[PDB]
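S.K.: Experimental structure and sequence below.
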Amino acid sequence: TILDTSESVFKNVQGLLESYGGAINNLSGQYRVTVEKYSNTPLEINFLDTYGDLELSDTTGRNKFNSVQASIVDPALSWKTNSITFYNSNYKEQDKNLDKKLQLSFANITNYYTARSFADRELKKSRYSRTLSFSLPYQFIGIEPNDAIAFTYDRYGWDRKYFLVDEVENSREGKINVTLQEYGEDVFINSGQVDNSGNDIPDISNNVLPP
Amino acid sequence: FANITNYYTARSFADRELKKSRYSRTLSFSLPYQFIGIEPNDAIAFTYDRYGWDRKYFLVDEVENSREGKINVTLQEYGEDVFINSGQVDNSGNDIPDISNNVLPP
Amino acid sequence: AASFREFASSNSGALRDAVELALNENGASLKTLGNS
Amino acid sequence: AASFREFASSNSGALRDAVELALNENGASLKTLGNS
Amino acid sequence: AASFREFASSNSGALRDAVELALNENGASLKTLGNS
Amino acid sequence: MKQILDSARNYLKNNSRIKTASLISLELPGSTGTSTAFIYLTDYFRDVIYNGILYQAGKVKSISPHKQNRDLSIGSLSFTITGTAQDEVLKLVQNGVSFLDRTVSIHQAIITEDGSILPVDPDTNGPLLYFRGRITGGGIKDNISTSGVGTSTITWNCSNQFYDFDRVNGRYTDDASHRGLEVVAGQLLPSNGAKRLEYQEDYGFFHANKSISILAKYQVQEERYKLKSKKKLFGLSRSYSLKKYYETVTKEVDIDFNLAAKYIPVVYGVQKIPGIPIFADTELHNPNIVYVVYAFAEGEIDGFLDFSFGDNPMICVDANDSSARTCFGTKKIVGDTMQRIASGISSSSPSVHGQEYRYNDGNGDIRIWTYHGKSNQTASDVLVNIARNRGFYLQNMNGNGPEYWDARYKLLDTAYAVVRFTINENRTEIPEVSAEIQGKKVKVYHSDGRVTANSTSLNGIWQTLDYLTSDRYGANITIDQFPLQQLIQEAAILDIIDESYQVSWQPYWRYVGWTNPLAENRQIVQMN
Amino acid sequence: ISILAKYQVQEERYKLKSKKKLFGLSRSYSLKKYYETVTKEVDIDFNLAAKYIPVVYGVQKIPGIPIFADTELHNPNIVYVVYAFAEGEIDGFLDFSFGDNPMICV
């Protein structure tokens, strides 16, 4: 990370968090940070625990993608820019061959392989569009963003369907409203990669050849 | 104008835009289903005696269909003269050749 | 609907206030439009 | 509240009109967003 | 009016949603302000 | 307007109680293979048969209104189906589903007293269409009261093909993008991502990224990474402040930290554009001999007209330029063109595919090969006959074989020019390169049913139609959705003759785009 | 700085390289407007933001802020300059570039 301290602190923090998906909270008063995770032991919940109001919304059209490019600054290019890009055959087949390109730039990452492995995460995540909202009684107090929920509801066929908590609102009475964002497990697993050492372009300039 | 380069064409079009800009009025109302098949930039002649309008000429500018069939519309006024250009004059006297980055010979 | 158009146009300032509240909460404001 | 969400989303255009009235009064418009 | 100010300020988020719906329909968004 | 059959107009004018059925043809979501089911539904109170297709009744609850206006918009709809139909919930909530495209069509039928559908559209002699488009999203709402009745509902949201105004669908000079590379089992491969299957062959752009870093060693510090911008005057509208507009109009860009510069532009009519370099090298024995490849424009262009090195054009602008500088022929009255440099005589013709032009500036040879970017172009034979001999310097320093360049470097669908500079004491550096070209060929139609598809057209309609129906780039709209007999009437409007001026007042005419100064060149609108 | 300018070619006499060239992209930006606002250089003349000290974590390359320049009295060919770089205790300097030429071979 390099920070220009003339940027307002809120914006610097926001970009810093965005660089690694973190988010911060002050519910329960202490400042807390909660990265996204695949959790082995989510909190189980069932529809009948709720107040019974439930809404599901899905926004595939804008949010979904099937190919990506990312841009970085790379010392192997003399801190010029590099532009990683790749497609996904299976996703393009599941979509009706419609090509759609995700654009990215990473300000603070320079290890090419790390950048690629992270972009793969973002692409996989973008398939999981669903968001869900409902309300909980007070006994479930202590929830935060990026807690892992397993949701179970027979009528929809959902069975330990996995979600991360994405928004929370406490109240004086104790009633809790929540919203969940779907994720899969596979979001957090990278493929193999291949050695990229063959293109360490030395961008020499401003020099005069000797006799 | 991003995409036009014939000077005379550009002038003749700007004259259109100027003339059009005089005709500010816009009008809105609703129609029963039998007038189905209207589109934007259809030409309407409107007649209404109380206003003294008599084949007053408009272009359809917005449309909304409905399941029931009731159609809402909006019209924008135009005149005929919008589409007619004046004369012009030969502009050939100012074909400035912007030569640069050259060194005069001996 | 039309009554709501008439009402809202008659009460426009309060809507602008509410929008500014939301955007300020996230950290933004319409005044950028004023300068822009 | 939820009824008001449903209503407002069903009547969104009138709100945009009212906002444009205020901003035009001060001398600004959302169309800058359209170009931006 | 004042009751409407109080109500709207209490329900500000839904108005922001409706505005975003209109602007998205034309192809624009307030988030440009967020970055700007 | 679409003209309805007048029997329907009369029936609707007479009868006071009318029956109407909405008929929905819907592609199933989540076909994981390309083959998909369809389902057919109606809001009508009983099932109905049409084209022998039986449309089920009862699932539908409501359909939104549908608004359009003179501005471009997504024209969105929604419609709702009962949340109690267990199948439809399962149709949403499967995990493996995708529906990023699925098609929908909504017919609107007048049903007469005998239960037949009334003929209305004189094309099909059948029911109208209320809407057609693509699915974009959906949702479920379940409300349970503590007491009394709750409700459950499913919404589908639909829109036209612009449902993601963020979509960028150009081409840009990077091999992995062009071929469509993906990683498998520890190596890269071409896959489906290529915009067309043939591209997977094309090792074009493979050298591009490093080539610029080579080219910089032959330019003054003024230029070493700079490039001229494209489309300097984007269209002004009341959205802009006058100041902010003219202050954002910008002549130059740096490719360093800028990727957008490397997107290929599209051209219709006549325009001047800078070359994108994609390869640079020197002959091994004689480093003074430098080959460079510039890509210019998408598709088959009608051809190159002229080249500018720096701002100096090869052809004289007028008599005074000819006095100042060595140059051949004149643009101003005669509309001379670079064909003259090969013929030795005045010509208005564009370049020809693959000829060698020798621009003797009097400062050592410039040589050009021009390829119009038409499909099935080969790799350039002059380059091949070097790499095949291992004649390139950097080829011999890296130790690559003829793999360095051969018949696989086709650069399909992409106009490009090979420049062979000679460097000497009177031309101590390579200049900037930009060119004037006559643009992409477009499928102009005729009311008689011909499709001439032969040349550029200055008409804005045929320009739009090509840009929309292009799928390599642009909106990927299928031609069967357009009414040709309407579009031809629109072109018959837009090609009205003006007489506010006369052609003899326009000497430039060949560069303006007219192919002949005498045949009427005047129409209300001409676009470049 | 006004002293230092007397020792630089007109290319540079008040120019400075920017800091944090690739700020993070998000869907808030248009692709074009982003890459067109990514900017390599700034002029300190009429710009104060350039003189704010940056903070660094990990490894980065950054330009020096000059804060003092002078010459030895007897021998004006000998020039001392002080560049400030970074806030706090850094783990240390690795390398210097004069122009773009690094001391260590690439």
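M.R.: Cool, got the structure. Numbering: from 1, shown residues only, chains lettered A, B, ... in the order given.
S.K.: Ignoring the adjacent residues along the chain, who's closest to residue A:84?
M.R.: Nearest residue to residue A:84, sequence neighbours excluded (Cβ to Cβ, 6 or more residues apart in numbering or on different chains): residue A:70, at 4.8 Å. The C-beta positions use only the backbone N, C-alpha and C, and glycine is treated the same way.
S.K.: how about stretch F:175-188 against chain A, any contact?
M.R.: Yes. Using Cβ under 8 Å from any Cβ of the partner chain, stretch F:175-188 comes into contact with chain A via F:176-177, F:180-183, F:185-188.
S.K.: Mind telling me which residue of chain C is nearest chain A?
M.R.: Closest residue of chain C to chain A, Cβ to the nearest Cβ: residue C:27 (5.5 Å).
S.K.: what's the helix or strand for the closest residue to that residue other than its chain neighbours?
M.R.: Leaving aside its chain neighbours, residue C:27 sits nearest to residue A:10 (5.5 Å; criterion: Cβ to Cβ, 6+ apart). Assigned by DSSP states H and E, residue A:10 belongs to helix A:9-18.
S.K.: okay but the residue nearest to residue A:84 is in contact with residue A:104, surely?
M.R.: Yes. Counting by Cβ atoms under 8 Å, residue A:104 is a contact partner of residue A:70 at 4.0 Å.
S.K.: and the residue nearest to residue A:84, helix, strand or coil?
M.R.: At residue A:70 the chain is in strand, as set by DSSP: H, G, I helix; E, B strand; the rest coil.
S.K.: do you know how far it is from residue F:175?
M.R.: 17 Å (Cβ to Cβ, to the nearest Å).
S.K.: just to revisit the earlier point, just the closest of the residues of stretch F:175-188 next to chain A to chain E, please.
M.R.: residue F:177 (25.7 Å).
S.K.: neighbours of the closest one, just the number please.
M.R.: Residue crowding around residue F:177 was assessed by other Cβ atoms under 10 Å in any protein chain shown; the count is 22.
S.K.: what sits against the nearest residue to residue F:466 once chain neighbours are set aside?
M.R.: Distances taken as Cβ to Cβ, 6+ apart put residue F:442 closest to residue F:466, at 4.5 Å, once the chain neighbours are dropped. Neighbour list for residue F:442: F:268, F:453, F:455-457, F:462-463, F:465-466 [criterion: Cβ atoms under 8 Å, 6 or more residues apart in numbering or on different chains].
S.K.: Switch those residues over to CSV; also include secondary structure.
M.R.: Formatted as CSV, the entries for the contacts of residue F:442 read as follows, by three-state DSSP:
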residue, secondary structure
F:268, coil
F:453, coil
F:455, strand
F:456, coil
F:457, coil
F:462, helix
F:463, helix
F:465, helix
F:466, helix
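S.K.: So which residue is smack in the middle of chain C?
M.R.: A centroid search over chain C (Cα atoms, centre = their mean) returns residue C:16, at 1.9 Å, as the residue closest to the centre.
S.K.: how far away is it from residue C:22?
M.R.: If you measure residue C:16 against residue C:22 using Cβ to Cβ, the figure is 11 Å.
S.K.: Please apply the same query to residue F:149.
M.R.: Taking Cβ to Cβ as the measure, residue F:149 and residue C:22 are separated by 34 Å.
S.K.: ok, those two, which is more surrounded?
M.R.: residue C:22 (18 against 7).
S.K.: List of residues touching the helix or strand the more buried one falls within?
M.R.: Taking DSSP H and E as the definition, residue C:22 sits inside helix C:12-26. When contacts are taken as Cβ under 8 Å, 6+ apart, the neighbours of helix C:12-26 outside the stretch itself are C:8, C:29-30, D:15, D:18-19, D:21-23, E:1, E:4-5, E:8-9, E:11-13, E:15-16, E:19, E:30, E:33-34.
S.K.: ok, now stretch A:103-122?
M.R.: Outside of stretch A:103-122, the residues within contact range by Cβ under 8 Å, 6+ apart are A:1-2, A:15-16, A:19, A:68-76, A:82, A:84, A:86, A:102, A:187-188, A:190-191, A:193, A:196, F:168, G:20, G:22-25, G:31, G:34, G:59.
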